[PDB]
Structures are given as C-alpha cells and as structure tokens.
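Chemist: Here it is, the structure, as structure tokens.
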Amino acid sequence: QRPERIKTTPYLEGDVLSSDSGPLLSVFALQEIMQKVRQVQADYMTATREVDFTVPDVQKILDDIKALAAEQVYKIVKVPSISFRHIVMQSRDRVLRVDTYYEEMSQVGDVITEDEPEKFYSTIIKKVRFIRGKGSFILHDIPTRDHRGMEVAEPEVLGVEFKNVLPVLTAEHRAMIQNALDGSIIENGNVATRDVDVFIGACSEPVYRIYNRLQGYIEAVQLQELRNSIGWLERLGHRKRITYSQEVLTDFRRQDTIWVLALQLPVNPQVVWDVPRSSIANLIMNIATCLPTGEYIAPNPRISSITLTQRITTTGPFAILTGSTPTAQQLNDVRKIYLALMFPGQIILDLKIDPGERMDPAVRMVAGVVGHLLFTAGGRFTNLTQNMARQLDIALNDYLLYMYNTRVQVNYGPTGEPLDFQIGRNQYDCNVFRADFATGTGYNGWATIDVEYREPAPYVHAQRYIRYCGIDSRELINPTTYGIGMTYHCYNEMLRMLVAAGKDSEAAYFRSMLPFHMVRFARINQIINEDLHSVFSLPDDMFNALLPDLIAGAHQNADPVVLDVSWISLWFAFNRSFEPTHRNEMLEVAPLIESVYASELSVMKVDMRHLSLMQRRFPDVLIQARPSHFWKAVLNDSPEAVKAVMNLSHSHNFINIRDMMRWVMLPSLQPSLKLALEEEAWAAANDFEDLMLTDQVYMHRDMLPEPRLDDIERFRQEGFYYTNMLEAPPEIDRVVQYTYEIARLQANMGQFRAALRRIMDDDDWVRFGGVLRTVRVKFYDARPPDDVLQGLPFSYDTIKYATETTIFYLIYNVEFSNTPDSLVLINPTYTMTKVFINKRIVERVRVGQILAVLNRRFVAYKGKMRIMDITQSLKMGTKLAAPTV
Amino acid sequence: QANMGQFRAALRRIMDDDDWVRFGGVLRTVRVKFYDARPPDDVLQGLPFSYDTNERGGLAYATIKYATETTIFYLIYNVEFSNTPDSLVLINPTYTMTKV
Amino acid sequence: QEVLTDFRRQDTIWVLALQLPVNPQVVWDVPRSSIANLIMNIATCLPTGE
C-alpha cells in the first residue's frame, strides 16, 4: 500500500521485538521527566515549596480539546430581550420607565471593596461575560400576523412591557398607541420568499452593539472562507502523503441553510510558542498526536553467521552480546534513544551511573564504538550532552588499546587527552574521533550537511528537513548507488581504523551492517519531516540556537530535557529499526485541535491585557494588587481543558511575575468568532458606567421635599417623585475634592467628623471620587427606612472607603382625606448621598412617549431557514472539487 | 463541471449535437457477448461512469467514478413469416450508448 | 552527572560545603606523619587480588 514498505529481498526481514505508539510514548515521556526530579529531591536536602509531580491522562485531554469545538457561543431564540418596563404612578397621564438591562447589570458580581483585589478582577470579568452572553442571538422564526393588508409584527416581539399600564389610560390614549403598535410593520412583507424579516424593536445599547457584530460575522465569513480553510489542509496533506478518497466537496449552498464558521485553519504558530515555560508541554503534545504506531525490527540472523555444511559455521565476533535479551529496565532505555533521535535538539542523553550492577567489562568498550556511529554531535544539533560525548571517547580509548591479538605499534602524542595516538602499521591518526561541538569531528555529520531547506513548509515556522547521515527518504524508493556503495563519510572512516588497529574481524561485522544501518535512518528521516510536522514542532529561530547555547552555557528559554541511558542499551538500540506500521489515529483531526487550543489562548490574552491597566487608571481601588491576581482570575474563567495543556510540566507553579507580564505585552493573536465578540465587549465596557459602578459619588445635606398640594389631581397627575440621582453635576468651583488618602489621614486624627459638619452646614458639596462603588437602584412608595436616608458613602470599622451606594425613588401616594400640611413636620428629615450616572436609566415621561423607544432596527429569519455549524468538518481527509488558485 | 452543477447539463448537450465523449485513458478490459433477441437494459445504454452526491451537515459532497469494464455485444436479428413490415418499426427508437 | 541534569537546573542554587581539589601540603604538614599517610594509603586504595 506504500512503496517503501514492500520488501523483495529477505534482508529486511526479522523478528518483531516490541511495539510502541503515540499515546504509549507520551505517557512514558512524562513518567521519565517527573521521576528524575522526584529522585534527586529525595536524596539531597532540598528547600523548596511542596509541589506535586503527577502525570495526567494525556488521552483524556486530547478528547476535551476536541469536545471544545462542539460549542455554539451564540443562541437561537424566537423573541428578543425585553430591556424595558414601566412603573405605574398615581397619575393617569405620566408613568416612569425602567430599563431592566441596568437592573440585571447590578446583581452579576459582588460589592467592589477596596480590600480584596482578586475578587475585584473576577467581578469585572463576570460583567464582561454577561454582555457577551446576553447579546448573542439570531432571532429565528419570529411570530407575526396580518392586519389590514400590511404585514405587522406581534406585540410581544418588541422590547416594551406594557401589561400594567392599560387600565390607567383613557379611551383616547389607548387608540393613540394602538395606531403606533400597528406601525411596527415588517419591511416590504407583501412580497413572498423574502427569506428575511426586518422590523423595529427596542433593546439596550451595549446589548444591541454586540448583536450587530454577530451579523457582521455572517455577512463576511462564508463559502470563500471555507474555500481558504480546506485549501490549507490540502497543502498539509500534500506533505504528509495521506491517501485521499474519491468523494470531493462541492461548494453548493442550499437556499435555506446558513453556515457559521467559528474557527480558521491557518494557525499563527507564534501564539503557541509564546506561552512561558511551555517548551516541555509543546513536546508531549507532539508525541501524543503525531507518532505512528510502529514495531521494532531485529536484523536478519544470517548477516553475522554462515553455515557451510552441517557443523561448520562462521562465528560472529560479538557472539556473547548477540546472545542476550534485554530486561525490563534496559528495554526502557531503548525507548529513550529512539525518542532522542526523532526529536534532535529537544531531547539529549546521558549515562545513568549505578553501582549495584556488575556487567561484563567488554560491554562498555563495544558501546564506545556504537555511539560513535549512531549519534550526532555535529555543528547543527546534538543528541548527546557534552559529558556523554566525553565518556564515549574514554570508552573508545579503552577499546583501541586493549589488544587481544598481537600488538600493533602505537605512537602517543604530547597531550594526555583520550584518543591522542596513531594506532596501526600505516599509523592512522586517531585524534579525529574526539568530539568537538563546533564542527562535529568524531560523530555523525562529519562531512555531511544534515540540515537543509528544500521547499516552504505548510507551517511557516519550521522549514527544515532533517537528513541524518546525508540520506534522503527517497532512497528506499529510487536508489542512486548500488548495494555495495551504500555508505557515508562518518561511518567509513570508523571501519578503516578498526581495520588498521588489528580488529579486522570486528570491522567485518560493521561492514555487513551498513545496509541495515542506512535503512534505519531512512525511516527516521521519513518520520521527522513527514509525520512530526505540527504546530508543536520547534521553530527555526530556536532550533538554530540550541547548540551554540549548549557550548557557551547561556540561559536558554527552551532548555532541552536530558534523559539518560545505560551502557548496554547503546548495543540494543543498534540492532532495531522502528519500521512504522500505521500512522496515528488523531493525525487528521489534529489541525482542529491546534486551532481550538490556540484560539482559546488568544481570548485569554485580550482579557489579561485590558485587566492589566486597572491599576494605572484607578490606583486607589487597588493598592494591594500584583500581576498574579488577575492571572488567577482569567484562569478561573476559562475552560479546564485548555489549562491541562498549559500545566503539563507543572509550569503553573514555577512562573514568576515578570514572565506573565511579558506574555501579556506580546503581539500574537489567533482570530476566531469568540475573539470577535470578546474584543467588542471590552470596547463597550471601557467607561464602566454600563457595568453599573462609578466614582462620582457626592455628599450634600438636603431636606426631603414637602409638596404644597392644593389640588389633589394636579398633584397626582404631574407624578411627583424624589430621587437622589443627579441630572447635572455641580461646578468645578463650590466643590471640595477628597481622595482615599485625604480621608484616611483625617479619620485617625479624628478631624473627619469635624470637617464634614462645617461643609454640611455652609451649603457646599463634597465629592468622594477615585474609588468605584457598586450601585443599586431601589423604588419606594412609603417612607423608606432611615439607613437609606442618612446612609453614608463610607463606613466605620479607621474607615472603609468603598461602601456600596443606593439610589432610591420616593414616589408619593396620597388620598382624599389627606390634610395639605399633614406631610409638614415641625422638624424636617435630611438625606446626604447624591450620585451622578450620566445614563437615562429611570425617567418620568408621558403616555405619548411610551413607545418612543422603538428605534432598534432588527433583522430576523424565516421559519424555513436552517442555522448549521460547519466547524466539525475541518479534517485533513477532505479534498474539495475545484482547487484554489 | 459538477462543482458548478453543470455536469449533467453539459453531457446532455454533447449527446444532443450527436458528438462523442471519451473518459480517461484507463486500459478498460473488454468482455464479449452475443444476443439473438432483446438485450437487457444494462447492455444498451450502459453508462461508463457514475455520479452520486451526498450531504453531510449541509455540505453537498459528490463522488464521480469511471467504469472499467466494457462490453462488445452482437445482436442477431430473427424474423418470422407472420411479421408485417410496419411491426418492427417503432414510433421512437431505443438508444444505445456504448461504442468500442 | 545525574544531579546537574534534571529540568529544574535553570533556577537552582547549589550549595557545596567542601572544595574538591585538595591542597595536599596541608596533609603533609602534620609533623612526623609519614606512617599515618601510608596506612591511610593502603586502607583506601589497595586492591585485592589473586
């Protein structure tokens, strides 16, 4: 079924030794990093915070990111929001209207105090989610009716509740609004098959502003944007060589189906690689979704030995090594080497010294040869640390000199470094196999260009093609040299010094293993740059700085994890191949998983960016604020499936203040539909008056008004009412400004009560600006209690400066037997709190201006329409019919 | 052509001009049959292609497959003594749509 | 080198109570100590053989 996995000659046939996969290694690669820190913190005295090192179910996290693509942030309703009501007074021609959007705006959070900053941030972020949740509707299948030919709307599909006002009107005013109730006609409804409903209703201004943004998304995001989406998935599937089906996609849009499209497929990969301390979490999220299920393959057993007649057989040189079987700990270490060859600069290796084991002394010497022709210490990347590359030379120095045949001559050099001699009769210089990390002299990549750029990658951040030992993935298909001439320079020099040093039977083993060796690397190259090409791969800006920061010891933000393997596992890893059987199960669905995860990251960045300025604007509400406060706030108002990806290496406990502040100030945004609503909802909350909290709270002594009634009905029909809310604030002169610091210094000195009464007796106005306060609106027909009358903008405890205020509406209801001076007392009553909002919340109007709020243009749909989502259909297996130019 | 919905409308226009169409270039193995009376509805007008449209989530996919087997058939006529000359001639002809 | 190597090595404070390259004059300054620095050389570094 694939041209590189058809074996004709029986050279690549061997026993299956093991089998590993994607979700098996990603659990294993996390159970080896966390067991290294829990090991070396249990042997030495560590003084650190008690953090836990556990391993999450990585298979479950990959399902919940996939499940997060099946949510609709909008909602489909038949009627719109009401957002308006009226309170009937004692009058018969004047009622006062109540906007219920500002009523529900108050009771979504808590009372904002000046003490706790992390509750203030969660109270703010609760209010922004209220505007996003309320004003996201579609208005499908509204009910209507016919009235004298003209197509008019139902009385309930507007935004006015008038059920309580009808018994108090006169017979004139009932028909005066009935001619206006039938004036809300559907626009050009006389023609059939319009496919839309246009009428005029009434909704509040922040709720109406997001509703236009939801229509403007469907205005633009359409079949052309789906044409751009599948056109990128064909470019990824072109590289990954995935077999297509016969079924193609035709862009035929039905007459009654409307598509929404929340996500876009070309993901800006800088958003994923900007999360702080996420270099390990972006590695396990690459193993868990792009490794193919494969099997380890032993070589052909007739490579070493030939049987001549019956009892005359060639004996291999490494016979006691081939006659061995790895234990469970040593087979674990082969899975660390093949996890280090596939991820070149990201996973390095070391030695794992343990004293409770007495191996053969010849296993260390042979493993010095194998490591010099399996790993890479070249000038482009490295698989082995600068200490393991040192300990693989002393193992070679203790192998080229342990001569068990007759002694060849050897001329040592002036230094005392390992491998400084000239072994052999023809005196081969052995200095070249000592590792130098700037040119890679001993190991692979000696004279080989092993990293190259051939064509632009679908992903714009990884244009590299890894070619281990100068071998391309096409040499399994169209070879260039014969079977004898399969070689490369890093291996061939190892043979012609192993021959020159008297070991001319050991080199005959490695010379007959070159075609198995180069076939191994022809599949590692076909795994890296064909299957492991994701968003979570390492970008080329970081990949070209891993080696020159390993040498100079500089602080790197992409610290490669160092696993460690034993000595004999260099031999067991030499004799396996990892021929992949099937590709991964979630390979085609993974671009949807990367796009859901990256879009949900960018909605957190815009919430943290707007919340970061709340100390620079109102510095007196937040004295005890630090940037870790809103970091906990937006994380709590976030899906838990995304936080499982960010906290894979437990990076949530190890990041400091200056790391989270940098990620806020970084320009990288993955767009979506939800970001097009959240960025809009922060525009309508930039003044905080639509969130029902403000700083302009005044305090001024005023008496309750005594109305001098002479006619009962004229006192009734005007609608007399008292309200502490201002209509216009006082001037810049004749006002005294306080601050939080000014009142705090006078409260402990005791002069605060003394300085107030001189102001409260000389007819001046004092302002308590600087700190925002929760505003609640109340209505009262009888006398309200005195805690509402002589309530204070502050409180006692020192003082509290962020006490919640109250707006009370005192309406008068009198009877026929009321004395005209019955409301006159000998001593009056006083009120103190007065507040300015600059919002027309509650205002007394006439009956002629009841339906004067019908000015909201609405666009609705017919009942035959279907609102369908097509975000689930973004898979790699779909090839569309007409290809994109 | 099927993306613009003009696939079956184009093929009807090629047949209405009395023109010829050719599909692909696959080697198209040949079977040979013989008939003495009334070959069935699949030998005549045997369509050498297939066009089927499916819809998943309101997307209107389509599958187009070219056939690979062709049939060369031979139609031997058989007449009898009790046949009038205006019996074999029909009011509208039966169409054959396979040429090898 | 299995201690300088785990993934917390970027932010770690290594405290070391003993410098390793010993100035060997301070061992050979103990007066008339030539036998004690021979019994200690035997009972630390002498290998057992056949």
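Chain lettering (A, B, ...) mirrors the order of the structure tokens, residue numbering begins at 1 for each chain separately, and ligand numbering begins at 1 in order of display.
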Could you give me, as a tab-separated table, a per-residue list for chain C showing, wherever an atom lies at most 7 Å from an atom of chain A, the closest pair of atoms and their distance in Å to one decimal, using only C-alpha atoms and sorting by chain then residue number from low to high?
Modeler:
```
residue	atom	partner	partner_atom	distance
C:2	CA	A:352	CA	6.9
C:3	CA	A:40	CA	6.6
C:5	CA	A:562	CA	6.5
C:6	CA	A:37	CA	6.1
C:7	CA	A:561	CA	6.1
```
Chemist: Could you pull the residues within 6 Å of stretch 766-769 of chain A, counting only C-alpha atoms, minus those fewer than 5 positions along the same chain, as a VMD selection string?
Modeler: chain A and resid 695 to 699 735 to 738
Chemist: Let's see if you can do this: from backbone DSSP, list all alpha helix (DSSP H) residues in stretch 647-720 of chain A, as a list in words.
Modeler: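 Going through stretch 647-720 of chain A, the alpha helix (DSSP H) residues come out as residues 657, 658, 659, 660, 661, 662, 663, 664, 673, 674, 675, 676, 677, 678, 679, 680, 681, 712, 713, 714, 715, 716 and 717 of chain A.
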Chemist: Could you write those residues out with N, CA and C atoms, as a CSV table (one decimal), in the first residue's frame?
Modeler:
```
chain,number,residue,atom,x,y,z
A,657,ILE,N,6.5,36.8,38.3
A,657,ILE,CA,5.7,37.9,37.9
A,657,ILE,C,6.1,38.5,36.5
A,658,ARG,N,7.4,38.5,36.3
A,658,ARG,CA,7.9,39.1,35.0
A,658,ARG,C,7.7,38.2,33.8
A,659,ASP,N,7.4,37.0,34.0
A,659,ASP,CA,7.1,36.1,32.9
A,659,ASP,C,5.7,36.3,32.4
A,660,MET,N,4.7,36.4,33.3
A,660,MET,CA,3.3,36.6,32.9
A,660,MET,C,3.1,38.0,32.4
A,661,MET,N,3.9,39.0,32.8
A,661,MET,CA,3.7,40.3,32.3
A,661,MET,C,4.2,40.5,30.9
A,662,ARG,N,5.2,39.7,30.5
A,662,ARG,CA,5.8,39.8,29.2
A,662,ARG,C,4.8,39.1,28.2
A,663,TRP,N,4.1,38.0,28.6
A,663,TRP,CA,3.2,37.4,27.7
A,663,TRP,C,2.0,38.2,27.4
A,664,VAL,N,1.6,39.1,28.3
A,664,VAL,CA,0.5,40.0,28.1
A,664,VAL,C,0.9,41.0,27.0
A,673,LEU,N,-14.3,33.5,16.1
A,673,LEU,CA,-15.6,34.2,16.3
A,673,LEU,C,-15.7,34.7,17.7
A,674,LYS,N,-15.3,33.9,18.7
A,674,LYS,CA,-15.4,34.3,20.1
A,674,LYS,C,-14.5,35.5,20.5
A,675,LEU,N,-13.3,35.6,19.8
A,675,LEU,CA,-12.5,36.8,19.9
A,675,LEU,C,-13.1,38.0,19.3
A,676,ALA,N,-13.9,37.8,18.2
A,676,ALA,CA,-14.6,38.9,17.6
A,676,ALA,C,-15.7,39.5,18.5
A,677,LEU,N,-16.2,38.7,19.5
A,677,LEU,CA,-17.2,39.2,20.4
A,677,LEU,C,-16.5,39.7,21.7
A,678,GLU,N,-15.4,39.1,22.2
A,678,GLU,CA,-14.8,39.5,23.4
A,678,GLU,C,-14.1,40.8,23.2
A,679,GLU,N,-13.4,41.0,22.1
A,679,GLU,CA,-12.7,42.3,21.8
A,679,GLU,C,-13.8,43.4,21.6
A,680,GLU,N,-15.0,43.1,21.2
A,680,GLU,CA,-16.0,44.1,21.0
A,680,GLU,C,-16.6,44.4,22.4
A,681,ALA,N,-16.8,43.4,23.3
A,681,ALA,CA,-17.4,43.6,24.6
A,681,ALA,C,-16.5,44.4,25.5
A,712,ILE,N,-55.8,68.0,44.4
A,712,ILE,CA,-55.3,66.6,44.6
A,712,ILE,C,-54.9,66.0,43.3
A,713,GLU,N,-55.7,66.2,42.2
A,713,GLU,CA,-55.4,65.6,41.0
A,713,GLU,C,-54.2,66.2,40.3
A,714,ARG,N,-54.1,67.5,40.3
A,714,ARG,CA,-52.9,68.2,39.7
A,714,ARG,C,-51.6,67.8,40.5
A,715,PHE,N,-51.7,67.6,41.8
A,715,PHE,CA,-50.6,67.0,42.4
A,715,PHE,C,-50.4,65.5,42.0
A,716,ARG,N,-51.5,64.8,41.7
A,716,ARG,CA,-51.3,63.4,41.3
A,716,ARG,C,-50.9,63.3,39.9
A,717,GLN,N,-51.4,64.1,39.0
A,717,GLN,CA,-51.2,63.9,37.5
A,717,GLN,C,-49.8,64.4,37.1
```
Chemist: Near residue C:28, within 9 Å and counting only C-alpha atoms, which residues show up once chain neighbours fewer than 5 positions away are dropped, as a PDB file with N, CA, C and O atoms, in the first residue's frame?
Modeler:
```pdb
ATOM      1  N   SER C  33      54.504  12.737  60.363  1.00  0.00           N
ATOM      2  CA  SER C  33      53.409  11.916  59.865  1.00  0.00           C
ATOM      3  C   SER C  33      53.821  11.387  58.499  1.00  0.00           C
ATOM      4  O   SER C  33      53.484  11.952  57.462  1.00  0.00           O
ATOM      5  N   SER C  34      54.568  10.290  58.510  1.00  0.00           N
ATOM      6  CA  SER C  34      54.890   9.567  57.296  1.00  0.00           C
ATOM      7  C   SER C  34      54.378   8.145  57.304  1.00  0.00           C
ATOM      8  O   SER C  34      54.277   7.540  56.236  1.00  0.00           O
ATOM      9  N   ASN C  37      50.245   8.548  56.816  1.00  0.00           N
ATOM     10  CA  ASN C  37      49.931   8.748  55.417  1.00  0.00           C
ATOM     11  C   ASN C  37      50.434   7.609  54.548  1.00  0.00           C
ATOM     12  O   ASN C  37      50.562   7.780  53.338  1.00  0.00           O
TER      13      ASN C  37
END
```
Chemist: Output the contact residues of chain A with respect to chain B at a cut-off of 10 Å, based on only C-alpha atoms, as a PyMOL selection string.
Modeler: chain A and resi 245-254+257-259+866+868-870+872-873+878+880-882
Chemist: Compile the contact shell of residue A:533 as a list in words: residues with an atom at most 10 Å away, counting only C-alpha atoms, same-chain residues fewer than 6 positions apart removed.
Modeler: residues 236, 239, 240, 286, 290, 457, 458, 459, 462, 463 and 527 of chain A
Chemist: Report, in Å to a single decimal, how far apart atom CA of residue A:515 and atom CA of residue A:310 are.
Modeler: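 One can read the atom CA of residue A:310 to atom CA of residue A:515 distance as 28.3 Å.
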Chemist: Write out as a list in words the set of residues from chain B that DSSP, computed on the backbone, places in strand (DSSP E or B).
Modeler: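 Selecting the strand (DSSP E or B) positions of chain B gives residues 30, 31, 32, 33, 34, 35, 49, 50, 51, 52, 53, 54, 61, 62, 63, 64, 65, 66, 70, 71, 72, 73, 74 and 75 of chain B.
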Chemist: Output N, CA, C and O atoms for every residue in that selection, as a compact mmCIF listing (two decimals), in the first residue's frame.
Modeler:
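Result went into result.txt, see below:
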```txt
# COMPACT_ATOMS: atom_id res chain seq x y z
N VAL B 30 -12.12 -5.79 -21.78
CA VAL B 30 -13.25 -5.94 -22.69
C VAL B 30 -13.84 -7.34 -22.52
O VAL B 30 -13.10 -8.33 -22.46
N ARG B 31 -15.16 -7.42 -22.42
CA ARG B 31 -15.88 -8.68 -22.45
C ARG B 31 -16.75 -8.75 -23.71
O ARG B 31 -17.24 -7.73 -24.20
N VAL B 32 -16.92 -9.96 -24.23
CA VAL B 32 -17.63 -10.20 -25.48
C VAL B 32 -18.86 -11.06 -25.20
O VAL B 32 -18.75 -12.10 -24.54
N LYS B 33 -20.02 -10.62 -25.69
CA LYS B 33 -21.27 -11.33 -25.51
C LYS B 33 -22.02 -11.40 -26.84
O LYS B 33 -21.71 -10.68 -27.79
N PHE B 34 -23.02 -12.28 -26.90
CA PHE B 34 -23.81 -12.50 -28.10
C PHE B 34 -25.29 -12.52 -27.74
O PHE B 34 -25.68 -13.02 -26.68
N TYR B 35 -26.11 -11.99 -28.64
CA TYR B 35 -27.55 -11.86 -28.40
C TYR B 35 -28.32 -12.20 -29.66
O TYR B 35 -27.94 -11.78 -30.76
N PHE B 49 -19.79 5.67 -16.50
CA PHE B 49 -19.40 6.48 -15.36
C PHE B 49 -20.50 6.39 -14.30
O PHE B 49 -21.51 5.71 -14.48
N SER B 50 -20.28 7.08 -13.19
CA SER B 50 -21.27 7.16 -12.13
C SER B 50 -21.10 8.47 -11.40
O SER B 50 -19.98 8.91 -11.15
N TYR B 51 -22.22 9.10 -11.05
CA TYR B 51 -22.22 10.41 -10.41
C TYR B 51 -23.26 10.40 -9.30
O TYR B 51 -24.45 10.27 -9.57
N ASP B 52 -22.80 10.52 -8.06
CA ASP B 52 -23.66 10.45 -6.89
C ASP B 52 -23.24 11.56 -5.94
O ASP B 52 -22.04 11.79 -5.73
N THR B 53 -24.22 12.23 -5.35
CA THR B 53 -23.99 13.33 -4.43
C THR B 53 -24.55 12.97 -3.06
O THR B 53 -25.68 12.50 -2.95
N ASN B 54 -23.75 13.19 -2.02
CA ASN B 54 -24.17 13.02 -0.64
C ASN B 54 -24.09 14.35 0.09
O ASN B 54 -23.46 15.30 -0.38
N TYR B 61 -21.36 17.00 -0.74
CA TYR B 61 -20.26 16.27 -1.37
C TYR B 61 -20.73 15.59 -2.65
O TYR B 61 -21.93 15.49 -2.94
N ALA B 62 -19.77 15.08 -3.42
CA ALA B 62 -20.08 14.36 -4.65
C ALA B 62 -18.97 13.37 -4.97
O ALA B 62 -17.79 13.67 -4.78
N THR B 63 -19.35 12.19 -5.44
CA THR B 63 -18.42 11.14 -5.84
C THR B 63 -18.61 10.84 -7.32
O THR B 63 -19.74 10.59 -7.76
N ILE B 64 -17.52 10.85 -8.08
CA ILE B 64 -17.54 10.54 -9.50
C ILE B 64 -16.58 9.39 -9.75
O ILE B 64 -15.38 9.49 -9.43
N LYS B 65 -17.09 8.30 -10.31
CA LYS B 65 -16.28 7.12 -10.59
C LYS B 65 -16.43 6.72 -12.05
O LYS B 65 -17.55 6.68 -12.58
N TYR B 66 -15.31 6.42 -12.70
CA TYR B 66 -15.31 5.92 -14.06
C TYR B 66 -15.32 4.40 -14.04
O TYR B 66 -14.62 3.77 -13.24
N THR B 70 -15.93 -2.89 -20.22
CA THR B 70 -16.73 -2.60 -21.40
C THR B 70 -17.20 -3.90 -22.02
O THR B 70 -16.56 -4.94 -21.88
N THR B 71 -18.32 -3.82 -22.73
CA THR B 71 -18.94 -5.00 -23.32
C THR B 71 -19.18 -4.76 -24.80
O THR B 71 -19.85 -3.79 -25.18
N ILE B 72 -18.63 -5.63 -25.64
CA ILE B 72 -18.93 -5.66 -27.06
C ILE B 72 -19.96 -6.76 -27.28
O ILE B 72 -19.67 -7.94 -27.08
N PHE B 73 -21.17 -6.37 -27.67
CA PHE B 73 -22.25 -7.33 -27.86
C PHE B 73 -22.63 -7.39 -29.33
O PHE B 73 -22.41 -6.44 -30.09
N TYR B 74 -23.21 -8.52 -29.72
CA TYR B 74 -23.64 -8.76 -31.09
C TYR B 74 -25.11 -9.13 -31.07
O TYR B 74 -25.52 -10.01 -30.31
N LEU B 75 -25.90 -8.45 -31.89
CA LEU B 75 -27.35 -8.59 -31.89
C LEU B 75 -27.78 -9.22 -33.21
O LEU B 75 -27.92 -8.53 -34.23
```
Chemist: What does the distance between atom CA of residue A:300 and atom CA of residue A:476 come to in Å, to one decimal place?
Modeler: 18.0 Å
Chemist: For residue A:17, please output as a ChimeraX atom specification all residues within 12 Å (counting only C-alpha atoms; exclusion window: fewer than 6 positions along the same chain).
Modeler: /A:294-299,325-326,331,334,572-573,575-579
Chemist: Any chance you can output those residues with N, CA, C and O atoms as an mmCIF file, in the first residue's frame?
Modeler:
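File produced: part25.cif:
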```cif
data_model
loop_
_atom_site.group_PDB
_atom_site.id
_atom_site.type_symbol
_atom_site.label_atom_id
_atom_site.label_comp_id
_atom_site.auth_asym_id
_atom_site.auth_seq_id
_atom_site.Cartn_x
_atom_site.Cartn_y
_atom_site.Cartn_z
ATOM 1 N N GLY A 294 4.376 1.766 15.519
ATOM 2 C CA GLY A 294 5.433 1.055 14.837
ATOM 3 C C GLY A 294 5.921 -0.135 15.635
ATOM 4 O O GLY A 294 5.515 -0.360 16.774
ATOM 5 N N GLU A 295 6.801 -0.898 15.001
ATOM 6 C CA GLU A 295 7.351 -2.116 15.565
ATOM 7 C C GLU A 295 8.863 -2.088 15.438
ATOM 8 O O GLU A 295 9.401 -1.646 14.424
ATOM 9 N N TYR A 296 9.548 -2.581 16.461
ATOM 10 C CA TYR A 296 10.993 -2.705 16.381
ATOM 11 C C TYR A 296 11.356 -3.981 15.637
ATOM 12 O O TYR A 296 10.719 -5.019 15.815
ATOM 13 N N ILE A 297 12.381 -3.897 14.794
ATOM 14 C CA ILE A 297 12.717 -4.962 13.858
ATOM 15 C C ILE A 297 14.170 -5.357 14.060
ATOM 16 O O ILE A 297 15.071 -4.533 13.882
ATOM 17 N N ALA A 298 14.396 -6.604 14.416
ATOM 18 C CA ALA A 298 15.732 -7.161 14.507
ATOM 19 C C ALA A 298 16.276 -7.432 13.105
ATOM 20 O O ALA A 298 15.502 -7.649 12.174
ATOM 21 N N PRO A 299 17.595 -7.421 12.914
ATOM 22 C CA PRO A 299 18.141 -7.721 11.587
ATOM 23 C C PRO A 299 18.035 -9.202 11.265
ATOM 24 O O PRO A 299 17.613 -10.024 12.079
ATOM 25 N N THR A 325 19.355 -10.887 25.940
ATOM 26 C CA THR A 325 17.968 -10.476 25.855
ATOM 27 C C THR A 325 17.763 -9.368 26.881
ATOM 28 O O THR A 325 18.111 -9.553 28.060
ATOM 29 N N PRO A 326 17.225 -8.217 26.474
ATOM 30 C CA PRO A 326 17.148 -7.074 27.387
ATOM 31 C C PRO A 326 16.111 -7.285 28.472
ATOM 32 O O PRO A 326 15.045 -7.856 28.235
ATOM 33 N N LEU A 331 15.169 -2.446 28.265
ATOM 34 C CA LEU A 331 14.284 -2.171 27.142
ATOM 35 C C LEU A 331 13.600 -0.825 27.298
ATOM 36 O O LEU A 331 13.152 -0.252 26.302
ATOM 37 N N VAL A 334 15.990 1.704 25.544
ATOM 38 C CA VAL A 334 15.991 1.780 24.089
ATOM 39 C C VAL A 334 14.913 2.740 23.632
ATOM 40 O O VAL A 334 15.066 3.426 22.618
ATOM 41 N N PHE A 572 21.670 -2.525 22.292
ATOM 42 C CA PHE A 572 20.330 -2.982 21.947
ATOM 43 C C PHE A 572 19.625 -2.009 21.019
ATOM 44 O O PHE A 572 18.773 -2.420 20.228
ATOM 45 N N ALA A 573 19.953 -0.725 21.100
ATOM 46 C CA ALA A 573 19.382 0.237 20.175
ATOM 47 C C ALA A 573 20.060 0.213 18.823
ATOM 48 O O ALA A 573 19.520 0.785 17.874
ATOM 49 N N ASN A 575 20.569 -2.546 17.083
ATOM 50 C CA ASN A 575 20.002 -3.652 16.321
ATOM 51 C C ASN A 575 18.486 -3.594 16.249
ATOM 52 O O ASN A 575 17.822 -4.626 16.320
ATOM 53 N N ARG A 576 17.909 -2.402 16.120
ATOM 54 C CA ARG A 576 16.481 -2.247 15.897
ATOM 55 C C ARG A 576 16.273 -1.187 14.827
ATOM 56 O O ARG A 576 17.183 -0.429 14.497
ATOM 57 N N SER A 577 15.064 -1.129 14.278
ATOM 58 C CA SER A 577 14.864 -0.306 13.094
ATOM 59 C C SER A 577 13.695 0.662 13.208
ATOM 60 O O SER A 577 13.744 1.748 12.624
ATOM 61 N N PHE A 578 12.659 0.279 13.953
ATOM 62 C CA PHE A 578 11.400 1.017 14.094
ATOM 63 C C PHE A 578 10.762 1.309 12.733
ATOM 64 O O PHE A 578 10.716 2.439 12.259
ATOM 65 N N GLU A 579 10.309 0.243 12.100
ATOM 66 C CA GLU A 579 9.522 0.376 10.884
ATOM 67 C C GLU A 579 8.075 0.669 11.251
ATOM 68 O O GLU A 579 7.438 -0.160 11.906
#
```
